[PDB]
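Have a look at input17.pdb; it's PDB, C-alpha atoms:
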```
MODEL        1
ATOM      1  CA  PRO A   1       7.279   1.657   4.012
ATOM      2  CA  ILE A   2       4.885  -0.464   6.101
ATOM      3  CA  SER A   3       6.221   0.555   9.531
ATOM      4  CA  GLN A   4       5.723   4.189   8.448
ATOM      5  CA  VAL A   5       2.066   3.651   7.533
ATOM      6  CA  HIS A   6       1.316   1.563  10.626
ATOM      7  CA  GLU A   7       2.966   4.487  12.439
ATOM      8  CA  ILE A   8       0.618   7.230  11.171
ATOM      9  CA  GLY A   9      -2.322   5.020  10.175
ATOM     10  CA  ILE A  10      -2.556   3.734  13.755
ATOM     11  CA  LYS A  11      -1.191   6.910  15.355
ATOM     12  CA  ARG A  12      -4.252   8.757  14.036
ATOM     13  CA  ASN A  13      -6.928   6.086  13.468
ATOM     14  CA  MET A  14      -6.281   4.687   9.964
ATOM     15  CA  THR A  15      -5.956   0.905  10.420
ATOM     16  CA  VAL A  16      -2.806  -0.123   8.507
ATOM     17  CA  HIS A  17      -3.046  -3.689   7.158
ATOM     18  CA  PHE A  18      -0.834  -4.493   4.148
ATOM     19  CA  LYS A  19      -1.742  -7.630   2.164
ATOM     20  CA  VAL A  20      -0.302  -8.413  -1.293
ATOM     21  CA  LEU A  21      -3.049 -10.116  -3.316
ATOM     22  CA  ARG A  22      -1.648  -9.695  -6.847
ATOM     23  CA  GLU A  23       1.545 -10.473  -8.800
ATOM     24  CA  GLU A  24       1.150  -9.098 -12.345
ATOM     25  CA  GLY A  25      -0.498  -6.402 -14.499
ATOM     26  CA  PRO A  26      -2.548  -6.082 -17.693
ATOM     27  CA  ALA A  27      -0.297  -8.218 -19.920
ATOM     28  CA  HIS A  28       3.295  -6.925 -19.746
ATOM     29  CA  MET A  29       4.630  -5.563 -16.433
ATOM     30  CA  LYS A  30       5.528  -7.408 -13.208
ATOM     31  CA  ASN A  31       3.425  -5.216 -10.889
ATOM     32  CA  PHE A  32       1.998  -6.495  -7.600
ATOM     33  CA  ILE A  33      -1.172  -4.782  -6.353
ATOM     34  CA  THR A  34      -0.561  -4.714  -2.622
ATOM     35  CA  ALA A  35      -3.811  -3.941  -0.809
ATOM     36  CA  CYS A  36      -3.090  -1.694   2.175
ATOM     37  CA  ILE A  37      -6.169  -1.174   4.348
ATOM     38  CA  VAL A  38      -6.502   2.253   5.957
ATOM     39  CA  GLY A  39      -9.107   3.515   8.462
ATOM     40  CA  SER A  40     -12.258   1.661   7.328
ATOM     41  CA  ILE A  41     -11.610   1.634   3.554
ATOM     42  CA  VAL A  42      -8.905  -0.265   1.626
ATOM     43  CA  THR A  43      -6.182   1.372  -0.458
ATOM     44  CA  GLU A  44      -4.032  -0.997  -2.554
ATOM     45  CA  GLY A  45      -1.078  -0.023  -4.765
ATOM     46  CA  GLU A  46       0.514  -1.826  -7.733
ATOM     47  CA  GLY A  47       4.237  -1.650  -6.906
ATOM     48  CA  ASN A  48       6.233  -2.715  -9.999
ATOM     49  CA  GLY A  49       8.105  -5.756  -8.625
ATOM     50  CA  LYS A  50       7.698  -8.393  -5.888
ATOM     51  CA  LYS A  51       9.547  -6.724  -2.989
ATOM     52  CA  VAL A  52       8.379  -3.294  -4.202
ATOM     53  CA  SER A  53       4.622  -4.016  -3.957
ATOM     54  CA  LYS A  54       5.092  -3.125  -0.269
ATOM     55  CA  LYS A  55       6.804   0.246  -0.820
ATOM     56  CA  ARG A  56       4.287   1.125  -3.567
ATOM     57  CA  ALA A  57       1.217  -0.052  -1.627
ATOM     58  CA  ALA A  58       2.230   1.953   1.474
ATOM     59  CA  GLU A  59       3.448   5.056  -0.409
ATOM     60  CA  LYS A  60       0.070   4.898  -2.142
ATOM     61  CA  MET A  61      -1.624   4.677   1.277
ATOM     62  CA  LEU A  62       0.260   7.373   3.209
ATOM     63  CA  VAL A  63       0.431   9.566   0.108
ATOM     64  CA  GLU A  64      -3.320   8.826  -0.146
ATOM     65  CA  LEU A  65      -4.311  10.324   3.244
ATOM     66  CA  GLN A  66      -1.067  12.170   4.024
ATOM     67  CA  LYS A  67      -1.223  14.869   1.323
ATOM     68  CA  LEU A  68      -4.962  15.631   1.469
TER
ENDMDL
END
```
Starting from the file, give its structure as structure tokens.
Amino acid sequence: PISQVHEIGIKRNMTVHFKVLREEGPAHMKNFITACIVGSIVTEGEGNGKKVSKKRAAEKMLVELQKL
């Protein structure tokens, strides 16, 4: 999930920098908000889980500037 972003993010100009800065949710849901920086703006993603936060942060990123 990260290698893919870094692939397009850098291959076009969007700086890909994944950084998990969270490990929970509102008050009932193990969701990690992984902040994935793209281009010059950040784009995090709360992946439900600890090892998922990466797949959810990136999917959120690519999906973010890959569908529009």
To verify the selection step, state as a list in words which residues the PyMOL selection byres ((chain A and resi 7-21) around 8) yields on this input.
residues 2, 3, 4, 5, 6, 22, 23, 32, 33, 34, 35, 36, 37, 38, 39, 40, 53, 54, 57, 58 and 62 of chain A
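In this model, the gap between atom CA of residue A:43 and atom CA of residue A:30 comes to 19.4 Å.
The smallest atom-to-atom distance between residue A:59 and any of A:31, A:26, A:1, A:42, using all atoms listed in the file, is found for A:1.
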Just give me the gap between atom CA of residue A:24 and atom CA of residue A:50 in Å, one decimal is fine.
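Between atom CA of residue A:24 and atom CA of residue A:50 the gap is 9.2 Å.
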Stretch 42-47 of chain A, all listed atoms, 8 Å padding on each side: what axis-aligned box centre and edge lengths in Å to one decimal come out, as JSON?
```
{"center_x": -2.3, "center_y": -0.2, "center_z": -3.1, "size_x": 29.1, "size_y": 19.2, "size_z": 25.4}
```
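Computed from the coordinates, the atom CA of residue A:61 to atom CA of residue A:25 distance equals 19.3 Å.
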